[PDB]
Number of protein chains: 4
Amino acid sequence: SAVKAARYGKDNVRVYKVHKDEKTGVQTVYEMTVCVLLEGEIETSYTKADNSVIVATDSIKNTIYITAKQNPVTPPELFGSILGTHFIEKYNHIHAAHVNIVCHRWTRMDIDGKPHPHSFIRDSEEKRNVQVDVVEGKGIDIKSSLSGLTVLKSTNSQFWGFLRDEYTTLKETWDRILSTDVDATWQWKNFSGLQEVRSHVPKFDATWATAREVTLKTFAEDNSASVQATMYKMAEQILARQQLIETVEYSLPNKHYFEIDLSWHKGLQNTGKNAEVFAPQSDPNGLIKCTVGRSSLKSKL
Amino acid sequence: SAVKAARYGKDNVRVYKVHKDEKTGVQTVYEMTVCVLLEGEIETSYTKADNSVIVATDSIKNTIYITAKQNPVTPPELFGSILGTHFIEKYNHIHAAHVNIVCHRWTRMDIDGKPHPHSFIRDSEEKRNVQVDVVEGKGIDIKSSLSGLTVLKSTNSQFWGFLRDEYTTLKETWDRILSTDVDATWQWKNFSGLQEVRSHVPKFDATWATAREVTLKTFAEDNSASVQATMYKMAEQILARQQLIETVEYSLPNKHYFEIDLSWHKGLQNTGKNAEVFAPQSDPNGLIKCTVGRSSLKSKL
Amino acid sequence: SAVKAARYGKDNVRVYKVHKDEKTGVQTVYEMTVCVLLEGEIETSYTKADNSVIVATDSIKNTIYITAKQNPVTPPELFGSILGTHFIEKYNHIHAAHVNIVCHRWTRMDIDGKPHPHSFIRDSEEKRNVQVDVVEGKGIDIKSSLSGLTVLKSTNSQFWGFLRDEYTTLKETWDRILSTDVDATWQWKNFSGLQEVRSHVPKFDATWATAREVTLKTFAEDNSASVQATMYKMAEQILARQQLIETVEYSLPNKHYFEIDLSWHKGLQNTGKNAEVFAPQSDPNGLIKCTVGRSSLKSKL
Amino acid sequence: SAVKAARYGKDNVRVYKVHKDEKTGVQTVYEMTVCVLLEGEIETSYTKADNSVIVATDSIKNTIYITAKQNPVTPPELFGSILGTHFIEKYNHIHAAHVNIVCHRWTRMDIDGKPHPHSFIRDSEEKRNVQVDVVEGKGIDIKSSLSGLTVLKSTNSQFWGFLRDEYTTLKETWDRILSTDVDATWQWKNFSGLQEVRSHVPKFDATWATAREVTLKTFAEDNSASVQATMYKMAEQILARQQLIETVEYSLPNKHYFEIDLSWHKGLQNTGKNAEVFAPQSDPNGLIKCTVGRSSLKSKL
Ligand SMILES: Cn1c(=O)[nH]c2c(=O)[nH]c(=O)[nH]c21
Ligand SMILES: Cn1c(=O)[nH]c2c(=O)[nH]c(=O)[nH]c21
Ligand SMILES: Cn1c(=O)[nH]c2c(=O)[nH]c(=O)[nH]c21
Ligand SMILES: Cn1c(=O)[nH]c2c(=O)[nH]c(=O)[nH]c21
């Protein structure tokens, strides 16, 4: 046998950081969960009980906290790049660092209409994430995402014209509920190293904001022909607004809300135009995915 | 043997309702999870295989949807009262109905600064709940609550002066992080029946709002001596603002954030006044409870 | 205002203990999650910021580990009694200790047909629990339970003869799937103190075993008329086999498996006697409860 | 813009099947959760609101149940292959089907030492999984796995000789607890189609059994130098025992159990050779991965 692939490290490292402005009294908090997995010339730890090549996962954990103490933790794309760059530069034999960060929401409370200087609310379980792959000799590849953004619209969703054969029972509809949990990923142009990441720092927060704004507005305003058609519109708009992202990926469940026929009980009318009470379905669910890039076709468009 | 207690019914009944204003186009959505458990002269279903006394749980489920079609689902205190009253009035042999409702957040989206007529966001996993116990001959007992309201403050929390003995290692502190998941319950005066519940309907939304406002403002503004002292202030204020509630209960975890001594690494200073990077602790956690009522002591105050 | 009730302590304290037989090499492991909440003359911590009356929850945590080091952790009824007794005896002003223990399964592995001396498998997420309430001047009240015991039978379950009215759509059945997650609790006679608990120590493991055996055999062998009728049989048998338990409580979901009519597709027959493929339903679910004690009726039986 | 990748279908489809032997009375149950995602000439559903190319996810769901009615559901590798082959053969424009199956445990109960004909217990949340990718013109690629197999050993695990630098605080150990949740995947040689899958059917159950047996025995018996070294031994043995699998992948958390120094309290000795009571750590955790294949090196071995 032989080792074809290997990576190892520390997962589920919870990290908080506070910034305190001593002039104004305003404090700002950041909370994340971090995973760092390393690759390199480590195969003998697996094959020969050679622990000399192992940077202990406990040491990886310590390094996460030390790096957070010595650098900004925001935007996460930058923190992840700093953190991954450290491991490949510090250890000659480590040739890749794979950094995943989940950012948790701590939104400043407004009390009596004024922003509070040091009190925060978890206003959504929506996350902002990064995956930063720092590969020696091949730069820094960053995928940014928002996830767990849960939305519903009560009309202006349709689904008709789909294929019908002997496996088909679904009724066409011209007015349904649409609800989903949005997972949206934008993948950046390869960066050559930390300097180039730093040169684009403002674009990280701005592109996250754009992605979130476009998602919400498109979901709310598109009289949707399908999940497929709506998510494509989101992706194409995000690509149009940031030339440094190469692709946009969406992964959307269709979280079904079923009508309930109550006509068996006193002729109650609760379907079609009279549908008011619905049964949310926990499972099964549609799952719709696509990855959108920029076109390169010049004929047969 | 004999049956000392029994209740049975349907749990985890997911319910959505939409209201559509055909004049304005504005739609409003409600989503809940409902449990109804019945008591009564049902012991022979357990002891004698006598199913004649069982209102099938499937029928309880149907009744939940029928009741939602024929009545408002808001405030939940009212919907639960209507629903429980139905079972004890419809079935001579059913003498109590225990209705639990969890209300899920669907907050209207603002798009380009304007409220959208039919698009919503799950802006928090915070719930608004009711427990409505409708007991034949003994009225309607209602406990209202908010839960899963997760908050953090980065300073203005203290914990010193606690008992110290041979089991004590905890260091006193004059400046710590405080974070919790708020579970707050207000229990109403017994209502005689559905008419009396209806006579107080506006007070349900108003008292929920008061409870939430008081919770947030007190948490943010109290330079806290302990979880105990802060939660008591919340409770006393809520009681002062609604004479129809008899008690207020809080159940608060202390979700610890630990300092991280990094002085072993290059003399990094990350404790006390220089603490910036902390380790959120998933477990264990403090758990602090109290039930506050109005005082009846006249001497030795 | 005034404090009507209060309790506080440490929750989610994970504890492992190992026993090593140095003669045989056989090691045995125990893992639990412990909560201890205290009551007493503690109201001034809430009302007056008086922390002097607070045994810190961190100190409660330390005490859990110290008690586990100095005593057996099995049976959990004994460990909980020792632990609760400590707090009311050590602290004059603490008058009750409420100890909840969840015991996690670590079952010894058999390797090549032989029990391994130090390797274990989590063979089920089924738990064994205790709730031990140690109340100064009122002894020790113990509720023992098993929970998360998930079972299914594919036939020999029925449900017919239930009430039918204008809310009823459920079809009677003479052959259905029955599946549940068993939560079974046996409540012991009040014990006067730790000596009396110790005097009954072997009965704890034996009664847990009896409860589990009776549950499984009754579920498997009863041609069930309803969840109600089957669970009653379980309870009555457990009471007959241990005179020191006063009541037995069951709480059982009915986790529904629905037939799927496929006759719309090529006349496929998948209902009634030809039902093979079913749709497990995640929600809603029946929820059936009862508490059974010994009879005291002498007439009109 | 243009669609670079797309797949869509139905997720979280819960499926039960029963087999009834009418001669013997013995019934056997199977329960799974299935996801099927399709690829093909479907880009116009995203770009042009062309639903004609969409096989509705509801129809995919129906097809899952119909396929389970008309074929064996075991081994899952076979069921997934049948199911994926259907979609690419039935629909000219569908060119890949991606079938994920999670198999849930229903182990036959033994009652009074005899196997019960129709009663089952969920004896572990351990799963048996498959991922079957059926790609038109490129055969059938199958990855089989076991996951959620949770184990602990109380000694015969070590971790010393790891890299030590200015980021290192971890103490070397020659005797620690090791616990993990095993996720093990074996990837099969590409199969040309359903006939070739069928020709190997007995090998699926046999290789799953081998993988599980090797995992347990190696974990129990290896005096482990590291997670890395132990998991490699597992992989190499599985490869030696089934020539039709190309690689074996493990993904193992190191679920840490920390010693607790209690020497501050009455000189209690609970470290090193006297360690009995430990603190299980929920997070962070080591995460160790590798993919092992057969060697092709002929020099510098
Ligand atoms: C309702 N529904 C299905 O059954 N499949 C699909 C699909 O692919 N896309 C939808 O928007 N809805 C839907
Ligand atoms: C830190 N801490 C403990 O250890 N116990 C307690 C308590 O009862 N209350 C607190 O506010 N904090 C705290
Ligand atoms: C199917 N079903 C209901 O709908 N209610 C009930 C009940 O109370 N008990 C059952 O055993 N089954 C059942
Ligand atoms: C304890 N520990 C670390 O900190 N890293 C590692 C590792 O890579 N492998 C281990 O087996 N243990 C371990």
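Order of the sequence lines sets the chain letters (A, B, ...), proteins ahead of strands, with each chain counted from 1. Side chains included, hydrogens not; waters and symmetry mates left out as well; all remaining heavy atoms used.
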Can a donor-acceptor pair be found, under 3.5 Å and without considering hydrogens, that links the side chain of C:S179 to the backbone of C:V151? yes
Between the side chain of C:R241 and the main-chain N/O of C:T207, is any donor-acceptor distance below 3.5 Å? no
Can you name the one residue among D:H19, D:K20, D:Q27 that meets side chain to side chain donor-acceptor pair (under 3.5 Å) with C:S154? D:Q27
Search all heavy atoms of D:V15 against all heavy atoms of D:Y65 and return the closest pair with its distance. CG2-CE2, 3.8 Å
With no hydrogens and no angle check, do the side chains of B:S1 and C:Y232 hold a donor and an acceptor under 3.5 Å apart? no
If I compare all heavy atoms of D:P76 with all of D:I101, which pair ends up nearest, and what's the gap? O-CD1, 3.8 Å
To check you understand the geometry: which heavy-atom pair defines the closest contact between D:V29 and D:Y16, and what is its length? CG1-OH, 3.3 Å
If you count every heavy atom of other residues, nucleotides or ligands that lies below 6.0 Å from C:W160 atom CH2, does the total exceed 12? no
Candidates C:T150, C:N254, C:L252 - the one meeting side-chain contact (heavy atoms from CB on, under 4.5 Å) with C:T180: C:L252
B:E41 to B:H95 - nearest heavy-atom pair and separation: OE2-NE2, 2.7 Å
Non-neighbouring partners of C:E276 that pass salt bridge (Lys or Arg N to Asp or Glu O under 4.0 Å), sequence neighbours left out: D:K69
Test your reading of the model: is there a side-chain donor-acceptor pair from B:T85 to the backbone of B:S81, 3.5 Å cut-off? yes
Sequence neighbours excluded, the answer for side-chain contact (heavy atoms from CB on, under 4.5 Å) partners of D:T67 is D:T63, D:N71, D:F79, D:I82, D:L83
Pairs under 3.5 angstrom only: tabulate donor-acceptor contacts from the side chains of residues 283-293 of chain C to other protein residues two or more places apart or in another chain.
unit_1, atom_1, unit_2, atom_2, d
C:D283, OD2, A:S282, OG, 2.6
C:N285, OD1, B:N12, ND2, 2.9
C:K289, NZ, C:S251, OG, 2.9

A:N270 side chain vs A:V277 backbone, donor-acceptor pair below 3.5 Å: yes
Where is the tightest heavy-atom contact between B:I140 and B:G193, given as atom of each residue plus distance? CD1-C, 3.6 Å
Do any N or O atoms from the side chain of C:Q158 and from the backbone of C:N223 form a donor-acceptor pair under 3.5 angstrom? no
When every non-hydrogen atom of C:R122 is compared with those of C:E125, the smallest separation belongs to CD-OE2, 3.3 Å
Please work out whether the ring planes of B:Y91 and B:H93 are parallel, tilted or perpendicular, with thresholds of 30° and 60°. perpendicular
I'd like to know if the side chain of B:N62 reaches the main chain of C:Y167, judged simply by a donor and an acceptor atom lying under 3.5 Å from each other, with no hydrogens or angles considered. yes
So for atom NZ, which belongs to B:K143, do other residues, nucleotides or ligands contribute more than 12 heavy atoms lying within a distance under 6.0 Å? no
Evaluate whether atom NZ of C:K217 has more than 12 neighbouring non-hydrogen atoms of other residues, nucleotides or ligands under 6.0 angstrom away. no
